[PDB]
Amino acid sequence: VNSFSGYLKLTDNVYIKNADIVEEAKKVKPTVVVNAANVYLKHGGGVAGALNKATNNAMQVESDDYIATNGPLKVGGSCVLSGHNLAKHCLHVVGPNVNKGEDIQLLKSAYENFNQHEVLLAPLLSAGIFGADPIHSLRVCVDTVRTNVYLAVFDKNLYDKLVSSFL
Ligand SMILES: OC[C@@H]1CC2(CC2)CN1c1ncnc2[nH]ccc12
């Protein structure tokens, strides 16, 4: 039993809700929140910009130190950093940016990072400002993640559509 509330159950291990991941994190304070990061951990917009803003820029300060030490992530890769005031941890995951010409096959690799954590609050990866189709992203998530994932979908029309169109 966990403290996620009001989620629609999609599969054995995948749950979904029309919600802002930032608001879900502030209320639930989960163990792991997933950030839809880029390779530079430059949290400028979308999920990352909103999460970072909610941490009063502490996420960005921590991230800049991480990059200065370790260099950029790989597309499809991840790192675990603090969750600040939003969660115990933040799993920064880089999905492919198809506007950058990045291989959409890397979306499966990105979701594989979720399997290292028993329970996660997450957004759909590679969609939105990253350019990919959120319908496809949900399919890859369901077919890749085996741990318990609670997906927060920001846009109602999209949520209603992913649910109505989910097989
Ligand atoms: O797939 C992630 C969705 C799509 C978006 C890039 C346009 C933003 N996005 C979010 N998904 C869930 N919670 C959120 N809070 C702020 C943004 C956001």
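Note that the numbering runs from 1 along the sequence shown for the chain. Each ligand, and each atom within it, is numbered from 1 in the order the structure gives. Excluded from the calculations below are hydrogen atoms, water molecules and symmetry mates; all remaining heavy atoms, backbone and side chain alike, are included.
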Participant: Name all pairs fulfilling the salt bridge (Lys or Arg N to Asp or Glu O under 4.0 Å) condition that reach into residues 150-167, sequence neighbours left out, sorted by first residue then second.
Facilitator: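 As it turns out, the salt bridge (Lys or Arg N to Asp or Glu O under 4.0 Å) pairs with a partner in residues 150-167, which skip direct neighbours, are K156-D160.
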Participant: Look only at the side chain of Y111 and the backbone of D143, and say whether a donor-acceptor pair between them is shorter than 3.5 Å.
Facilitator: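 Not at all, since once roles are kept as given, no pair shorter than 3.5 Å links the two residues.
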Participant: Cationic tip of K100 within the cone over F130's six-membered ring, i.e. under 6.0 Å and within 45° of the normal?
Facilitator: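 Judged by the rule (NZ or CZ under 6.0 Å from the ring centre, within 45° of its axis), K100 counts as positioned above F130.
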Participant: Working to the nearest 0.5 angstrom, can you tell me the gap between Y159 OH and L124 CG?
Facilitator: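 Between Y159 OH and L124 CG, I get 12.0 Å after rounding to 0.5 Å.
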Participant: Using the test side-chain contact (heavy atoms from CB on, under 4.5 Å), find all partners of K26 that sit at least two apart in sequence or belong to another chain.
Facilitator: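 Partners of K26 by the side-chain contact (heavy atoms from CB on, under 4.5 Å) criterion, ordered by chain and then number, come out as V22, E23, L86.
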Participant: Short N or O contacts of ligand 1 with protein, under 3.5 Å, listed by atom name?
Facilitator:
from, atom 1, to, atom 2, distance (Å)
ligand 1, 1 (O), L124, O, 2.8
ligand 1, 13 (N), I21, N, 2.9
ligand 1, 15 (N), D20, OD1, 2.6

Participant: Apply ring-ring contact (aromatic ring centres under 6.0 Å, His included) to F166 and list each qualifying residue two or more places apart in sequence or on a separate chain.
Facilitator: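 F166 satisfies ring-ring contact (aromatic ring centres under 6.0 Å, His included) with no other residue.
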